[PDB]
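What follows is a short report on a single structure.
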Amino acid sequence: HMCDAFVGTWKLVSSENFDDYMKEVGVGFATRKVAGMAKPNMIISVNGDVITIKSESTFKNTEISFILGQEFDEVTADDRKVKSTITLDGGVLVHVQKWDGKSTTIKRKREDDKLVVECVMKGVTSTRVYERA
Ligand SMILES: O=C(O)[C@H]1CCCc2ccc(-c3ccc(Cl)cc3)cc21
């Protein structure tokens, strides 16, 4: 019953400060513009210990499967090759990506009927809010 409250199909309804977060990460102009337009569908499922997050959009489709606490290699939508670790901390999924001596953290939280995603790179935060599809 791990991650029960995250499981489902979610749709992005708002994004704040995402272009600035992507600049802080190092994403180039053309990818920022096309990526920032996307309104993805995030599909979260659990099978035993394995959590899968599948995200579908006009920009990119991605899929990650993982076990909490167990590092995995991820190719992000902006083509970074990162080493990722996802843990549960006080009911928040905390996803750390490491590449080229850099780090970014993505937190996914259940708040009311929404799933709230906070992406942090150094001092820059972006918030992306999802509703049930
Ligand atoms: O979330 C995902 O799985 C993907 C697929 C669905 C759409 C989308 C949009 C933008 C970015 C994205 C872009 C730039 C940066 Cl730095 C990080 C993430 C990542 C994604």
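We count ligands from 1, going down the list as the structure has it; atoms in each ligand are counted the same way. Only this structure's heavy atoms are used, side chains among them; waters, hydrogens and symmetry mates stay out. Position 1 is the first residue of the sequence; numbering continues from there.
- Among all protein heavy atoms, the one lying closest to atom 3 (O) of ligand 1 is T62 OG1, 2.6 Å.
- Placement of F66 and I44 within a single hydrophobic cluster is found when ILVMFWY residues are connected by side-chain heavy-atom separations under 4.5 Å, directly or transitively.
- Closest to atom 5 (C) of ligand 1 among all protein heavy atoms lies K60 O, 3.5 Å.
- When each atom of ligand 1 is checked for a heavy atom of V27 under 4.0 Å away, the hits are 16 (Cl).
- Counting the atoms of ligand 1 from 1 in the order shown, those under 4.0 Å from a heavy atom of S55 are 2 (C), 3 (O), 5 (C), 6 (C).
- With hydrogens and angles left out, the side-chain atoms of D89 and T87 include no donor and acceptor closer than 3.5 Å.
- The two residues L93 and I86 make their nearest non-hydrogen contact at CD2-CG2, 3.9 Å.
- Counting only heavy atoms of the protein, atom 7 (C) of ligand 1 lies nearest to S57 OG, 3.4 Å.
- Between the side chains of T104 and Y21, a donor-acceptor pair is found at a separation under 3.5 Å.
- Ligand 1 places these atoms under 4.0 Å from at least one heavy atom of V25: 16 (Cl).
- The protein heavy-atom contact nearest to atom 19 (C) of ligand 1 is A77 CB, 3.4 Å.
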Requested in this report: Go through the steps for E24 and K122 under the test salt bridge (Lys or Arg N to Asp or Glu O under 4.0 Å), then give the verdict.
Outcome: CA-CA 8 Å; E24 204 70 8; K122 295 188 277 170; 3.5 Å; yes

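- For the pair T76 and ligand 1, no heavy-atom separation below 4.0 Å is found.
- The same ILVMFWY cluster, assembled from side-chain heavy atoms under 4.5 Å apart, contains both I53 and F72.
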**Report entry** CA sep, side-chain torsions, deciding dist, call: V117, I106, side-chain contact (heavy atoms from CB on, under 4.5 Å)
**Finding:** CA-CA 7 Å; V117 183; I106 304 161; 3.6 Å; yes

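- Listed by number with element, the atoms of ligand 1 under 4.0 Å from a non-hydrogen atom of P40 are 6 (C), 7 (C).
- In terms of protein heavy atoms, atom 18 (C) of ligand 1 is closest to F18 CZ, 4.1 Å.
- Here the rule is side-chain hydrogen bond (donor to acceptor under 3.5 Å, both in side chains) with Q97, and of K102, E74, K81 only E74 fits it.
- Using a 4.5 Å heavy-atom cutoff, the side chains of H95 and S84 are in contact.
- Under a 4.0 Å heavy-atom criterion, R80 is in contact with ligand 1.
- Taking atom 8 (C) of ligand 1 as the reference point, the nearest protein heavy-atom neighbour is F59 CD2, 4.1 Å.
- Across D78, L12, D19, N41, heavy-atom proximity to atom 15 (C) of ligand 1 is greatest for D78.
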